[PDB]
Each structure stands twice: as C-alpha cells, then as structure tokens.
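**Student:** Numbering (PDB author numbering), first residue to last: 21 to 203. All C-beta atoms, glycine included, are put in the ideal place defined by N, C-alpha and C.
1. What residues in its chain sit with their C-beta under 6 Å from that of residue 177, if we drop five residues either side in the sequence?
2. In the DSSP assignment, the beta strand (DSSP E) including residue 80 goes from what residue to what residue?
3. The beta strand (DSSP E) with residue 139 in it runs from where to where?
4. Quick check: the Cα distance between residue 199 and residue 146, rounded to an integer number of angstroms?
5. Would you be able to state if there are at least three C-beta pairs under 8 Å between the segment 83–96 and the segment 130–137?
6. With residue 72 and residue 89 assumed to form a contact (beta carbons below 8 Å), what rounded beta-carbon distance in angstroms separates them?
7. What's the gap between the Cα of residue 114 and the Cα of residue 152?
8. In the DSSP output, which residue or residues are listed as bridge partners for residue 87?
9. State buried or exposed for residue 67, treating a residue as buried only when at least 16 other CB atoms are found within 10 Å of its CB.
10. Near residue 35, what residues of its chain come up, given a Cβ to Cβ distance below 8 Å and the 5 sequence neighbours on each side ignored?
11. Using CA atoms only, rank isn't needed, just tell me which of 62, 21, 49 is closest to residue 157.
12. Pull up the distance between the alpha-carbon of residue 141 and that of residue 69, whole angstroms please.
13. If you count every other CB in all the chains shown that lies within 10 Å of the CB of residue 119, and 16 or more means buried, which is it?
14. Whole alpha helix (DSSP H) runs in the segment 35–71 with 4 or more residues, listed along the chain?
15. Tell me the DSSP secondary structure of residue 147 in three-state form.
16. Within 10 Å of its beta-carbon, does residue 101 have 16 or more other beta-carbons around it, so buried, or fewer, so exposed?
17. Please report the residue range of the alpha helix (DSSP H) in which residue 162 lies.
18. Starting from residue 109, follow its DSSP beta bridges and name the residues at the other end.
Following this line, the structure appears as structure tokens:
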C-alpha cells in the first residue's frame with residue numbers, strides 16, 4: 021500500500037568525461053511490472069548480446085530527470101527492448117513518487133523500448149504516461165552529479181556521461197521499500 025517489493029537489483033557504473041564518478045544501484049519491482057523489469061534487467065546484463073553497457077545519458081534536465089538507454093543511436097531516437105522494437109505499457113500501478121524513481125521513456129502510448137529515466141524530483145505530471153518500474157537504492161549522489169553536469173542547448177551533456185559498466189547484483193531476498201522520494 022505504502023511499500024513496494026524490490027525483487028531484483030542492477031547497477032550502473034558512471035563516468036563523466038575521463039572521471040570515474042561511481043555506481044547507481046537500482047531496485048526493480050518485478051512483482052508489479054514483471055515484463056518491464058525483465059527488459060531492464062536483461063539490458064543491464066547484456067545477456068541478449070546488446071544492452072546499456074557503453075551507452076550514455078543523452079538528455080539531462082536539472083530539477084526534472086536524467087534520461088539514457090539509447091544504445092543504438094545515442095540521441096533519443098534509438099534503443100530497443102529485448103522483445104522486439106517496442107512493447108505495451110504494462111500498467112501504471114507505480115507513480116513517480118519523488119526523486120530517484122526509474123521510469124520508461126517512450127514515444128507515446130505502448131512504445132516502450134530501452135530508453136529510461138531517473139527522476140530527480142516528484143514528476144507528478146508524468147504519472148499514467150510512463151511506466152515506473154524501479155527505485156534508486158544507493159548512489160543518488162551519482163544521479164545528482166549527472167543531473168548537474170553542464171549541457172548544450174537541447175539538454176545533451178557537454179561531457180560524455182557513460183554507463184561504463186553495468187549488470188545485475190545478487191539479491192538474497194526480496195524486500196519492501198517505501199513509495200517515497202530517495203533522499
């Protein structure tokens with residue numbers, strides 16, 4: 021009701037330019053959005069032969085969100101799911117409760133691919149249009165360091181913000197986390 025169950029964990033290791041920034045650890049709500057979660061998890065491991073490793077955060081807007089996941093074109097026009105190019109909006113059970121929530125970028129209804137964003141504020145106006153599926157468990161300082169990186173007009177970072185490494189972590193047991201902002 022006020023908690024959601026993390027069932028999987030993934031990590032993104034971030035560099036900005038040549039500087040090693042650190043890790044974003046992400047909990048995934050596999051009992052609520054299993055299809056969306058499986059897509060994100062598999063793209064993080066690269067186990068289908070393509071995925072997030074080496075891709076960039078291409079759209080960064082202060083006091084809004086940071087967006088990445090376009091591993092095929094790198095400019096917001098690309099990316100793909102593990103299911104085929106696009107899949108339907110699974111459900112909208114989870115909301116953008118505050119900073120630190122993971123949600124699918126899309127190109128309209130039922131167009132989920134691989135692009136995703138991490139909120140840095142409570143983006144209530146995105147509720148019901150973007151499928152929320154995860155929450156930052158650690159490394160919110162890394163998220164905010166990305167969020168504050170200097171951008172060109174059109175919100176592309178001037179320095180390359182790269183997911184240098186990424187994958188899945190072992191989770192001993194699912195656990196509940198509050199439906200609230202990540203501090």
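**Tutor:** Based on what the coordinates show:
1. Taking the chain shown and counting its residues from 1, the one referred to as residue 177 is at position 157. If we look at residue 177 and ignore the five residues flanking it on each side, its Cβ neighbours are 80, 169, 171.
2. As a position in the chain shown, residue 80 is number 60, starting the count at 1. Its beta strand (DSSP E) spans residues 77–81.
3. Along the chain shown, one-based indexing puts residue 139 at 119. Counting along the chain, the beta strand (DSSP E) containing residue 139 begins and ends at 136–139.
4. As a position in the chain shown, residue 199 is number 179, starting the count at 1. As a position in the chain shown, residue 146 is number 126, starting the count at 1. Their backbone Cα atoms lie some 16 Å apart in a straight line.
5. yes
6. As a working note, residue 72 is residue 52 in the chain shown. As a working note, residue 89 is residue 69 in the chain shown. Going by Cβ atoms, the distance from residue 72 to residue 89 rounds to 6 Å, so yes, they are a contact pair.
7. The residue given as residue 114 occupies position 94 in the chain shown. The residue given as residue 152 occupies position 132 in the chain shown. Taking the straight line joining both Cα atoms gives about 5 Å.
8. Within the chain shown, residue 87 is the residue found at index 67, counting from 1. Beta-bridge pairing links residue 87 to 79, 137.
9. Locating residue 67 in the chain shown gives position 47, counting from the first residue. Under the 10 Å beta carbon count, residue 67 is surrounded by fewer than 16 other beta carbons and is classified as exposed.
10. Translated into positions along the chain shown, residue 35 becomes position 15. So the list reads 41, 180, 181, 182, 184, once near-sequence residues are dropped.
11. What you label residue 157 is simply residue 137 of the chain shown in a count that begins at 1. Closest in alpha carbon position to residue 157, among 62, 21, 49, is 49.
12. For the purposes of this step, residue 141 is identified with residue 121 of the chain shown, where counting begins at 1. For the purposes of this step, residue 69 is identified with residue 49 of the chain shown, where counting begins at 1. When rounded, the distance between both Cα atoms is 33 Å.
13. Stepping through the chain shown from its first residue, residue 119 is reached at position 99. Buried: at least 16 other Cβ atoms inside 10 Å.
14. Taking only runs of at least 4 residues, the alpha helix (DSSP H) segments lying wholly in the segment 35–71 are 54–65.
15. Counted from its first residue, the chain shown places residue 147 at position 127. The answer is coil: DSSP assigns residue 147 none of H, G, I, E or B.
16. Along the chain shown, read from residue 1 onward, the residue named residue 101 stands at position 81. Buried: at least 16 other Cβ atoms inside 10 Å.
17. Here residue 162 refers to the residue found at position 142 of the chain shown. Taken as a continuous stretch (DSSP letters only), the alpha helix (DSSP H) holding residue 162 covers 160–167.
18. In the chain shown, counting from the first residue as 1, residue 109 sits at position 89. Under DSSP, residue 109 shares a beta bridge with no residue.
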